[PDB]
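Heads up, the chain below is alone and in the form deposited in one PDB entry; it's given as structure tokens.
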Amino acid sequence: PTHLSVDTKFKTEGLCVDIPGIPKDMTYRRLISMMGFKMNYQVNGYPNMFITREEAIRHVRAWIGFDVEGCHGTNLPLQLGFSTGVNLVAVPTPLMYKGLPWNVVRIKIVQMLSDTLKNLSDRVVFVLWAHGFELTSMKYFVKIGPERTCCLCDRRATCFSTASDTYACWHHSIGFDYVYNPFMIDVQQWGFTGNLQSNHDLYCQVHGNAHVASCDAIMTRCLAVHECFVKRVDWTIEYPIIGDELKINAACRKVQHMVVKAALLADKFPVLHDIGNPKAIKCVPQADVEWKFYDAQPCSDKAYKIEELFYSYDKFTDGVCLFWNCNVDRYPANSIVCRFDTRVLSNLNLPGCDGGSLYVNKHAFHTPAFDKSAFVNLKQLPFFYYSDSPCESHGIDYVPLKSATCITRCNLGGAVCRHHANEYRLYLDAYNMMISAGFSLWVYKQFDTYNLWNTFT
């Protein structure tokens, strides 16, 4: 059971207002045929246009919500809405475009999907709340057949051009007019009571219903993200590397060791309460401190309430609390915090449910909306580099470093050595990588790097 059987049953009740008289008994095979496509008994990598919830989850980066609303349908104009906020009007002859024939609408669809998806995925998954018009409109912009490769590269073909009779991936599709071998999933097949807006609004207050097709496309995809990543969580699914995943993760580990090490050296807390991932390891193994761990999985729905995390019966007020990606409603004043900023624009961060974002880096993590009020008892952690390692080069040309934030014995002594200058510049690069990936760093108000200078005596 790798792919979705074309002989699987498809519930058609949601389709009968646009398509009156639709048979109750229906398979994906008959549905695809009714959509004007022909599968021709082809065992060439594309067994079905529709996919399972499990395949959809593995391909979350390819998700594009799609809705079609009849403005007046062979005789009537259709409004094509996508979760990118785009609305196109197709004539049979929140960005709104005026009525145009299918031959030009299809060119815009290819361009839009290609720019959105080229750095996210090898495919497109149309996420629907199917009522009929969206399925019957696909024949005007989609072509299907065997799996193919790009004419200019080795990636799989996602587009076709009738002008040159060629196939292309999302990176090489300029001027292509057809979407080739797209995938799709109907959210209505998952068993819901009531319409799209009533199910979406149960969990999300950030997406409204401005009554246009793109609003429904956005609500549709958001509801699918809620079901697959908020209410259901699977950390055993691995996602491919598409960007700076490894550098970002390495940078996070470097910054954590640095910040926690200097907080312990500057304020000498007797105990550190490490709250978060139950698989955490001490980030400063040589530190004197009493290291105590508290297990909390990443919260994917709402931030943890500090009262439920700390109360219900031990002394968190003693020493310092470390919340490394442990999203709480209000941090205590004695904290060291790393909190992901859901508003960050990146190829790793996908739009999520109710202000949250879906951060995909090896695993998918739905993260509650970033809230500046969580950090009221703390301040932003300033950049700094600290090193007690000896000044000794060993073993990439040089320019002398001058910086008030290079906290080393050589800078204290008046002149930064080559070793600490190379290490500072590498650390600053890792730091900038982590911040630009969306991570934010917060610290207890008494934290002062001036206290690190006397750790060299």
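Only residues modelled in both forms are compared. In case it trips you up, residue 1 is the first one in the sequence shown, and so on. Each form is matched to the other, and the largest set of C-alpha atoms that superpose within 1.5 Å is called the rigid core.
The form deposited with a small molecule bound is left out here; the points below concern that form.
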The small molecule contact in the entry with it bound: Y46, any heavy atom under 4.5 Å:
yes
Just checking whether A430 would be counted as a contact of the small molecule in the entry with it bound - the rule being heavy atoms within 4.5 angstroms.
no
With the cut-off set at 4.5 Å between non-hydrogen atoms, does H394 touch the small molecule in the entry with it bound?
no
My question is simply whether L381 lines the interface with the small molecule in the entry with it bound - judged by any non-hydrogen atom within 4.5 Å.
no
On a rigid core fit between this form and the one not shown, runs of three or more residues in which every CA shifts by 2 Å or more occupy 42 to 44
